[PDB]
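Dropping protein_2.pdb in here (PDB, C-alpha atoms):
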ATOM      1  CA  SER O 157     113.027 127.206 116.491  1.00  0.00           C
ATOM      2  CA  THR O 158     115.045 130.437 116.367  1.00  0.00           C
ATOM      3  CA  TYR O 159     114.997 130.704 112.559  1.00  0.00           C
ATOM      4  CA  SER O 160     111.234 130.063 112.235  1.00  0.00           C
ATOM      5  CA  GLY O 161     110.329 133.706 112.723  1.00  0.00           C
ATOM      6  CA  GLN O 162     113.681 135.475 112.353  1.00  0.00           C
ATOM      7  CA  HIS O 163     114.001 134.803 108.603  1.00  0.00           C
ATOM      8  CA  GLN O 164     111.999 135.346 105.430  1.00  0.00           C
ATOM      9  CA  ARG O 165     112.860 131.885 104.060  1.00  0.00           C
ATOM     10  CA  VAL O 166     110.338 130.321 106.488  1.00  0.00           C
ATOM     11  CA  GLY O 171     102.532 121.385  99.969  1.00  0.00           C
ATOM     12  CA  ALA O 172     103.906 123.751 102.601  1.00  0.00           C
ATOM     13  CA  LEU O 173     106.109 121.169 104.335  1.00  0.00           C
ATOM     14  CA  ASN O 174     107.294 119.980 100.906  1.00  0.00           C
ATOM     15  CA  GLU O 175     108.547 123.509 100.175  1.00  0.00           C
ATOM     16  CA  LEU O 176     110.116 123.620 103.645  1.00  0.00           C
ATOM     17  CA  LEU O 177     111.888 120.331 102.883  1.00  0.00           C
ATOM     18  CA  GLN O 178     113.178 121.717  99.567  1.00  0.00           C
ATOM     19  CA  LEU O 179     114.506 124.950 101.079  1.00  0.00           C
ATOM     20  CA  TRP O 180     116.073 123.167 104.071  1.00  0.00           C
ATOM     21  CA  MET O 181     117.713 120.245 102.210  1.00  0.00           C
ATOM     22  CA  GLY O 182     118.861 122.813  99.615  1.00  0.00           C
ATOM     23  CA  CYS O 183     121.548 124.181 101.946  1.00  0.00           C
ATOM     24  CA  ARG O 184     124.928 122.456 102.280  1.00  0.00           C
ATOM     25  CA  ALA O 185     126.075 122.486 105.929  1.00  0.00           C
ATOM     26  CA  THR O 186     122.614 121.625 107.283  1.00  0.00           C
ATOM     27  CA  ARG O 187     122.290 118.853 104.680  1.00  0.00           C
ATOM     28  CA  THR O 188     125.622 117.357 105.753  1.00  0.00           C
ATOM     29  CA  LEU O 189     124.587 117.576 109.419  1.00  0.00           C
ATOM     30  CA  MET O 190     121.339 115.786 108.539  1.00  0.00           C
ATOM     31  CA  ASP O 191     123.377 113.127 106.699  1.00  0.00           C
ATOM     32  CA  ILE O 192     125.525 112.652 109.814  1.00  0.00           C
ATOM     33  CA  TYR O 193     122.390 112.298 111.955  1.00  0.00           C
ATOM     34  CA  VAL O 194     120.893 109.795 109.476  1.00  0.00           C
ATOM     35  CA  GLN O 195     124.120 107.762 109.583  1.00  0.00           C
ATOM     36  CA  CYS O 196     124.041 107.871 113.395  1.00  0.00           C
ATOM     37  CA  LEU O 197     120.435 106.650 113.443  1.00  0.00           C
ATOM     38  CA  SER O 198     121.114 103.899 110.875  1.00  0.00           C
ATOM     39  CA  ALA O 199     123.838 102.773 113.267  1.00  0.00           C
ATOM     40  CA  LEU O 200     121.374 103.074 116.176  1.00  0.00           C
ATOM     41  CA  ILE O 201     118.210 101.607 114.568  1.00  0.00           C
ATOM     42  CA  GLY O 202     119.405  98.014 114.889  1.00  0.00           C
ATOM     43  CA  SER O 203     120.699  98.441 118.442  1.00  0.00           C
ATOM     44  CA  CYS O 204     118.097 100.633 120.203  1.00  0.00           C
ATOM     45  CA  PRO O 205     115.102 101.456 117.982  1.00  0.00           C
ATOM     46  CA  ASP O 206     112.591 101.951 120.819  1.00  0.00           C
ATOM     47  CA  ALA O 207     114.831 104.330 122.797  1.00  0.00           C
ATOM     48  CA  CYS O 208     115.645 106.415 119.708  1.00  0.00           C
ATOM     49  CA  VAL O 209     111.936 106.573 118.823  1.00  0.00           C
ATOM     50  CA  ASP O 210     111.093 107.593 122.409  1.00  0.00           C
ATOM     51  CA  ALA O 211     113.722 110.359 122.378  1.00  0.00           C
ATOM     52  CA  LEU O 212     112.550 111.576 118.964  1.00  0.00           C
ATOM     53  CA  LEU O 213     108.892 111.741 120.009  1.00  0.00           C
ATOM     54  CA  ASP O 214     109.768 113.467 123.310  1.00  0.00           C
ATOM     55  CA  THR O 215     111.748 116.111 121.406  1.00  0.00           C
ATOM     56  CA  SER O 216     108.848 116.358 118.943  1.00  0.00           C
ATOM     57  CA  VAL O 217     106.198 116.935 121.637  1.00  0.00           C
ATOM     58  CA  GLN O 218     108.545 119.547 123.121  1.00  0.00           C
ATOM     59  CA  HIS O 219     109.550 121.173 119.776  1.00  0.00           C
ATOM     60  CA  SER O 220     106.902 120.204 117.183  1.00  0.00           C
ATOM     61  CA  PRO O 221     106.748 123.151 114.701  1.00  0.00           C
ATOM     62  CA  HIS O 222     110.542 123.322 114.388  1.00  0.00           C
ATOM     63  CA  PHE O 223     112.287 120.136 113.154  1.00  0.00           C
ATOM     64  CA  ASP O 224     109.334 118.059 111.871  1.00  0.00           C
ATOM     65  CA  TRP O 225     110.648 118.211 108.295  1.00  0.00           C
ATOM     66  CA  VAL O 226     113.694 116.184 109.388  1.00  0.00           C
ATOM     67  CA  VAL O 227     111.257 113.755 111.029  1.00  0.00           C
ATOM     68  CA  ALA O 228     109.332 113.755 107.740  1.00  0.00           C
ATOM     69  CA  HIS O 229     112.516 112.886 105.820  1.00  0.00           C
ATOM     70  CA  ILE O 230     113.365 110.098 108.292  1.00  0.00           C
ATOM     71  CA  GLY O 231     109.839 108.729 107.950  1.00  0.00           C
ATOM     72  CA  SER O 232     110.072 108.841 104.156  1.00  0.00           C
ATOM     73  CA  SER O 233     113.326 106.849 104.322  1.00  0.00           C
ATOM     74  CA  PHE O 234     111.875 104.357 106.858  1.00  0.00           C
TER      75      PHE O 234
ATOM     76  CA  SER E1948     124.804 122.976  77.383  1.00  0.00           C
ATOM     77  CA  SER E1949     122.185 121.659  79.812  1.00  0.00           C
ATOM     78  CA  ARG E1950     119.836 124.618  79.272  1.00  0.00           C
ATOM     79  CA  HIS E1951     118.700 123.480  75.814  1.00  0.00           C
ATOM     80  CA  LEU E1952     117.742 120.100  77.360  1.00  0.00           C
ATOM     81  CA  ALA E1953     115.254 121.582  79.863  1.00  0.00           C
ATOM     82  CA  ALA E1954     112.260 119.667  78.492  1.00  0.00           C
ATOM     83  CA  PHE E1955     114.323 116.468  78.318  1.00  0.00           C
ATOM     84  CA  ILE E1956     115.499 116.955  81.916  1.00  0.00           C
ATOM     85  CA  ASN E1957     111.911 117.496  83.097  1.00  0.00           C
ATOM     86  CA  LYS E1958     110.692 114.381  81.257  1.00  0.00           C
ATOM     87  CA  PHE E1959     113.575 112.246  82.558  1.00  0.00           C
ATOM     88  CA  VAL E1960     113.073 113.401  86.160  1.00  0.00           C
ATOM     89  CA  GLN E1961     109.335 112.660  85.916  1.00  0.00           C
ATOM     90  CA  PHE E1962     110.174 109.183  84.593  1.00  0.00           C
ATOM     91  CA  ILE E1963     112.600 108.691  87.513  1.00  0.00           C
ATOM     92  CA  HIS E1964     109.832 109.810  89.899  1.00  0.00           C
ATOM     93  CA  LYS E1965     107.447 107.252  88.421  1.00  0.00           C
ATOM     94  CA  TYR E1966     110.206 104.612  88.600  1.00  0.00           C
ATOM     95  CA  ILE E1967     110.838 105.156  92.319  1.00  0.00           C
ATOM     96  CA  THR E1968     107.067 105.309  92.907  1.00  0.00           C
ATOM     97  CA  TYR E1969     105.902 102.121  91.158  1.00  0.00           C
ATOM     98  CA  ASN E1970     109.070 100.012  91.651  1.00  0.00           C
ATOM     99  CA  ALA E1971     111.249 101.411  94.436  1.00  0.00           C
ATOM    100  CA  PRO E1972     113.697  98.422  94.830  1.00  0.00           C
ATOM    101  CA  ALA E1973     114.751  98.264  91.164  1.00  0.00           C
ATOM    102  CA  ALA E1974     115.062 102.056  90.938  1.00  0.00           C
ATOM    103  CA  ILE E1975     117.236 102.142  94.080  1.00  0.00           C
ATOM    104  CA  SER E1976     119.369  99.260  92.776  1.00  0.00           C
ATOM    105  CA  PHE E1977     119.932 101.208  89.558  1.00  0.00           C
ATOM    106  CA  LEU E1978     120.743 104.445  91.419  1.00  0.00           C
ATOM    107  CA  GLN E1979     123.398 102.815  93.627  1.00  0.00           C
ATOM    108  CA  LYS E1980     124.883 101.168  90.501  1.00  0.00           C
ATOM    109  CA  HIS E1981     125.317 104.670  89.001  1.00  0.00           C
ATOM    110  CA  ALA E1982     125.573 106.829  92.133  1.00  0.00           C
ATOM    111  CA  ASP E1983     128.777 108.680  91.243  1.00  0.00           C
ATOM    112  CA  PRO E1984     127.587 109.980  87.793  1.00  0.00           C
ATOM    113  CA  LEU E1985     124.505 111.398  89.540  1.00  0.00           C
ATOM    114  CA  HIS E1986     126.601 112.966  92.310  1.00  0.00           C
ATOM    115  CA  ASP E1987     129.045 114.532  89.833  1.00  0.00           C
ATOM    116  CA  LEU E1988     126.226 115.823  87.618  1.00  0.00           C
ATOM    117  CA  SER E1989     124.470 117.320  90.651  1.00  0.00           C
ATOM    118  CA  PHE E1990     127.676 119.037  91.801  1.00  0.00           C
ATOM    119  CA  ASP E1991     128.375 120.422  88.312  1.00  0.00           C
ATOM    120  CA  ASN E1992     124.768 121.071  87.214  1.00  0.00           C
ATOM    121  CA  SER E1993     123.561 122.343  90.582  1.00  0.00           C
ATOM    122  CA  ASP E1994     120.891 124.359  88.723  1.00  0.00           C
ATOM    123  CA  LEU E1995     118.939 121.076  88.300  1.00  0.00           C
ATOM    124  CA  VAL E1996     116.831 121.801  91.390  1.00  0.00           C
ATOM    125  CA  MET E1997     114.696 118.694  90.738  1.00  0.00           C
ATOM    126  CA  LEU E1998     117.848 116.535  90.785  1.00  0.00           C
ATOM    127  CA  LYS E1999     118.794 118.023  94.161  1.00  0.00           C
ATOM    128  CA  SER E2000     115.244 117.291  95.345  1.00  0.00           C
ATOM    129  CA  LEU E2001     115.811 113.670  94.296  1.00  0.00           C
ATOM    130  CA  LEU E2002     119.067 113.686  96.290  1.00  0.00           C
ATOM    131  CA  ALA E2003     117.079 115.052  99.244  1.00  0.00           C
ATOM    132  CA  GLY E2004     114.692 112.125  98.826  1.00  0.00           C
ATOM    133  CA  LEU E2005     117.680 109.761  98.726  1.00  0.00           C
ATOM    134  CA  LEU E2042      96.817 124.417  90.066  1.00  0.00           C
ATOM    135  CA  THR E2043      96.918 123.608  86.344  1.00  0.00           C
ATOM    136  CA  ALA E2044      93.125 123.308  86.049  1.00  0.00           C
ATOM    137  CA  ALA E2045      92.480 126.611  87.852  1.00  0.00           C
ATOM    138  CA  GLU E2046      94.580 128.630  85.380  1.00  0.00           C
ATOM    139  CA  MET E2047      92.367 127.698  82.411  1.00  0.00           C
ATOM    140  CA  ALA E2048      89.016 128.767  83.893  1.00  0.00           C
ATOM    141  CA  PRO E2049      88.761 132.260  82.257  1.00  0.00           C
ATOM    142  CA  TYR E2050      90.115 130.887  78.963  1.00  0.00           C
ATOM    143  CA  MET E2051      87.469 128.149  78.902  1.00  0.00           C
ATOM    144  CA  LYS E2052      84.720 130.603  79.892  1.00  0.00           C
ATOM    145  CA  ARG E2053      85.716 133.061  77.148  1.00  0.00           C
ATOM    146  CA  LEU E2054      85.942 130.241  74.592  1.00  0.00           C
ATOM    147  CA  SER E2055      82.515 128.875  75.557  1.00  0.00           C
ATOM    148  CA  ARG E2056      80.715 132.240  75.658  1.00  0.00           C
ATOM    149  CA  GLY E2057      82.483 133.805  72.664  1.00  0.00           C
ATOM    150  CA  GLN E2058      80.394 134.534  69.574  1.00  0.00           C
ATOM    151  CA  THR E2059      82.319 136.859  67.231  1.00  0.00           C
ATOM    152  CA  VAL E2060      85.258 135.541  65.196  1.00  0.00           C
ATOM    153  CA  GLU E2061      87.616 138.008  66.931  1.00  0.00           C
ATOM    154  CA  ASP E2062      87.001 136.557  70.407  1.00  0.00           C
ATOM    155  CA  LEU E2063      87.312 132.938  69.231  1.00  0.00           C
ATOM    156  CA  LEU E2064      90.541 133.731  67.365  1.00  0.00           C
ATOM    157  CA  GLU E2065      91.930 135.610  70.380  1.00  0.00           C
ATOM    158  CA  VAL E2066      91.240 132.807  72.868  1.00  0.00           C
ATOM    159  CA  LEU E2067      92.476 130.146  70.414  1.00  0.00           C
ATOM    160  CA  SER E2068      95.722 132.068  69.865  1.00  0.00           C
ATOM    161  CA  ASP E2069      96.177 132.467  73.633  1.00  0.00           C
TER     162      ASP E2069
END

Can the structure in the file be given as structure tokens, please?
Amino acid sequence: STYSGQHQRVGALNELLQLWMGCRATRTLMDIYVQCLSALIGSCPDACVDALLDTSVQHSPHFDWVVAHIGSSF
Amino acid sequence: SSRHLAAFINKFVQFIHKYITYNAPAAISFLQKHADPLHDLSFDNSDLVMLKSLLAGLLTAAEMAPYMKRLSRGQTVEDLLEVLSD
């Protein structure tokens, strides 16, 4: 949310995915989150989905590319 | 010397794209069987941006409008030769 407006680095969402996954620390953090969810999908899928969609409706134009990646995987 | 293989890299990555598209399970089963060569090549040849895009996953017609118009409407040999050379 902070960086979408305070940087020059930010079809369109594909390019956003490329530039975001391109980095190293953010990519590793996303890997950690994906591992956490893969641990959590079997246990509590509905609760994780509910939390994700609540955060989305609260913060839609900010982290949707991570949601797009998660959807592409699953 | 990966730079001289740019066309080969593009062709191979397109073939990998088609492989994951048409038959995702077999392509994934191959990738896991050879994960570490891909990881090492990506770390060394980081300039392969398409390879890093694959790891992340783990126009043309418009340009040729004036050329086609000039070729169609050209009469003199100079214009035809110019557009053909371009």

One-decimal distance in Å that lies between CA of residue 173 in chain O and CA of residue 224 in chain O
8.8 Å

When you look at residue 178 in chain O with a cut-off of 9 Å (counting all atoms listed in the file), what residues show up, excluding the ones that are within fewer than 6 positions of it in the same chain? I need them as a ChimeraX atom specification.
/E:1996,1999-2000,2003

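Proximity of O:159, O:223, O:180, O:193 to chain E, computed with all atoms listed in the file, is greatest for O:180.
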
Within 9 Å of chain E, which residues of chain O are there when counting only C-alpha atoms? Please give them as a VMD selection string.
chain O and resid 177 to 178 181 to 182 187 229 232 to 233

Skip range 196-209 of chain O itself and residues of its chain fewer than 5 positions away, then list as a list in words all residues within 12 Å of it, counting only C-alpha atoms.
residues 189, 190, 191, 214, 215, 216, 227, 230, 231, 233 and 234 of chain O

Emit as lines of an AutoDock Vina configuration file the padded axis-aligned box for all listed atoms of range 1984-2002 of chain E, 6 Å per side, with centre and edge lengths in Å to one decimal.
center_x = 121.9
center_y = 117.2
center_z = 91.8
size_x = 26.3
size_y = 26.4
size_z = 21.1

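With CA of residue 1987 in chain E on one side and CA of residue 171 in chain O on the other, the separation reads 29.2 Å.
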
When the PyMOL selection byres ((chain E and resi 1975) around 12) is applied to the structure above, which residues does it catch, written out as a VMD selection string?
(chain O and resid 233) or (chain E and resid 1963 to 1964 1966 to 1974 1976 to 1982 2001 to 2002 2004 to 2005)

Please return as a PyMOL selection string every residue within 10 Å of (110.5, 129.3, 108.8), taking into account all atoms listed in the file and the file's own coordinates.
chain O and resi 157-166+176+179-180+221-222

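Using all atoms listed in the file, the shortest contact distance between residue 1988 in chain E and any of E:2068, E:2043, E:1949, E:1961 is found at E:1949.
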
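For the pair CA of residue 2049 in chain E and CA of residue 1954 in chain E, the interatomic distance is 26.9 Å.
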
Scan for residues within 8 Å of the point (118.2, 118.5, 87.5) in the coordinates of the file, using only C-alpha atoms, and reply as a ChimeraX atom specification.
/E:1956-1957,1960,1989,1992-1999
